[PDB]
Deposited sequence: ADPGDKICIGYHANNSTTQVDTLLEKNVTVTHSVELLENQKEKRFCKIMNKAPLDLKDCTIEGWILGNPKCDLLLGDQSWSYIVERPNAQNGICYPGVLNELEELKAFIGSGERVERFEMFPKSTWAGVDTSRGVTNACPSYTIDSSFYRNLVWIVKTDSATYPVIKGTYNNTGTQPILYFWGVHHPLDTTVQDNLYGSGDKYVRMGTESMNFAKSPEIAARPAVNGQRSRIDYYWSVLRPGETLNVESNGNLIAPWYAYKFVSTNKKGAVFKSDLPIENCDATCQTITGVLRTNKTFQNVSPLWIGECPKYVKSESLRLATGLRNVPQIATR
């Protein structure tokens, strides 16, 4: 007799999804939601190239290690790439205080303009030009200093007078600046470099106070130095004013940065190439429409959510039961 039958669709599909009840279930149609593939290079985000610090670390860049001259001047970046083996950082031994906070503040930027904050003529009656060290060679000069700092020394005949400077911010933009305090290894060096007697370095603004004096002692040799320098940084707010006062041991601000304010700082090896991305992770570019990724949780731009799954496949079709043919 005449037949009518109810039934369902089947196909040559071999893709399986999992289920709470059943593990390896073949279905007619399905959508993978997770991206596991990455491009492996650094690219442009929003058509804004990153900054490659190359052979320099964040410290070497921003203090102006003489060997870091390649990066000197204005910079605009979408993200920063620090290479993990970079050897050009703090050349004259010492601590850069609140370093992590500074690495975080620069990470929060997209642009800096370099400008002379304190001309060397600011400090009267002292030798501004005599003060380089063999710990800070440039590539051409065996004895140099950071391009953003002035190691100030007393004039050919003593003594080191009190020296004073002020800078008024005036502008729209915050200013990032730096200074240091020298700590000779000996009374003898302290006497030679600076006048005899108690020395001080003092700085202040409407909202901030600094005061330090030399801690004289011989520390273990590091790049030929048993002396040390304490480095410091701060941010002059727009409309704020800085006062500087010292009678010795000041490593003075010279040049500073106007700073413009999510950003990232990638420590990585990957090459930076001529391309665009809308999504950049620390281990590669994502070029996907997928919802989840297993490449990395560290990224910038618009990226799919990061999960530790191998696959997230999601069945749209029905259970596939094609009729067998031999």
In sequence order, the deposited-sequence ranges that have no modelled C-alpha atom: 1 to 3, 265 to 267, 333
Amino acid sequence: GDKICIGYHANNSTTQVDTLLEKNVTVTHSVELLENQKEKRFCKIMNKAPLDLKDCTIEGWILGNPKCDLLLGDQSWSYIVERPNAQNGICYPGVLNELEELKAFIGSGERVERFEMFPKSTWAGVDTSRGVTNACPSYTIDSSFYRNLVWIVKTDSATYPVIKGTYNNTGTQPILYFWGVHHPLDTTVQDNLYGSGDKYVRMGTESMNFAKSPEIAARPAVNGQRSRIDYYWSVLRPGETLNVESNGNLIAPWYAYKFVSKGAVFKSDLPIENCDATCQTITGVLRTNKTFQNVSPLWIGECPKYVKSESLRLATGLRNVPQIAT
From here on, numbers count along this sequence of modelled residues.
Higher mean Cα B-factor in the deposited model: 153 to 161 or 234 to 242? 153 to 161
Taking the recorded C-alpha temperature factors, which stretch has the higher mean, 91 to 99 or 192 to 200? 192 to 200
Is the Cα B-factor recorded for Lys23 in the lowest, middle or highest third of its chain? highest
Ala124 CA temperature factor, ranked by third within the chain: highest
Among the modelled residues of its chain, the C-alpha B-factor of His29 falls in the third labelled lowest
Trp77 CA temperature factor, ranked by third within the chain: highest
So, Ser227's CA B-factor, relative to its chain, sits in which third? The lowest
